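One chain is shown next in C-alpha cells, namely the form deposited in one PDB entry.
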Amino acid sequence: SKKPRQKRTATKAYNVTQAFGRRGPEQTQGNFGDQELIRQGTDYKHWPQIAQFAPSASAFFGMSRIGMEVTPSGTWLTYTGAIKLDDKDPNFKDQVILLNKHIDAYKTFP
C-alpha cells in the first residue's frame, strides 16, 4: 500500500504477505503467523488475543532497546525487547497455545 510499512494493517483484502513480505528465517523477515493468520490479518478470529501483546507507540519507545543502523540498503531504526505474559491471567494457557500456533509456523508450510 501507500503507507509506510510500519503503519500498515493486514486484512483479508491486503494480507500479511502483501503488507509485510513472506515469512522466513532471515533477520529482515517476519516469522510470525500460520497460513490462516497470514491470509486474514486482523480479520483472523483470534486477532484480538494476539494484538493484546502489541505495544502502544509510547511502550514501543519506552520498553525497547532502540538503535540506528546505516547500511547500503538504507537507514534503519532497530528495536528489540521482551514483553512478560501475565501468568495470573486465567487466559494464560490459551495465550501460550495461540502464540505457539503462530511463532515460526512457516516451518511447517508445504
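A residue's number is simply how far along the shown sequence it sits, counting from 1.
Heads up, the form solved in complex with a small molecule isn't pictured, but that's what we're talking about next.
Please determine whether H102 contacts the small molecule in the deposited complex, using a 4.5 Å cut-off between heavy atoms.
Taking the distances in the deposited complex, the answer for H102 is no, it never comes within 4.5 Å of the small molecule.
Examine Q35 and determine whether its closest non-hydrogen atom to the small molecule in the deposited complex is within 4.5 angstroms.
Close contact exists here: in the deposited complex, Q35 approaches the small molecule to within 4.5 Å, heavy atoms only.
With the cut-off set at 4.5 Å between non-hydrogen atoms, does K93 touch the small molecule in the deposited complex?
Answer no; every heavy atom of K93 is more than 4.5 Å from the small molecule in the deposited complex.
Just checking whether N15 would be counted as a contact of the small molecule in the deposited complex - the rule being heavy atoms within 4.5 angstroms.
Yes, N15 sits close enough to the small molecule in the deposited complex that at least one of its heavy atoms falls within 4.5 Å.
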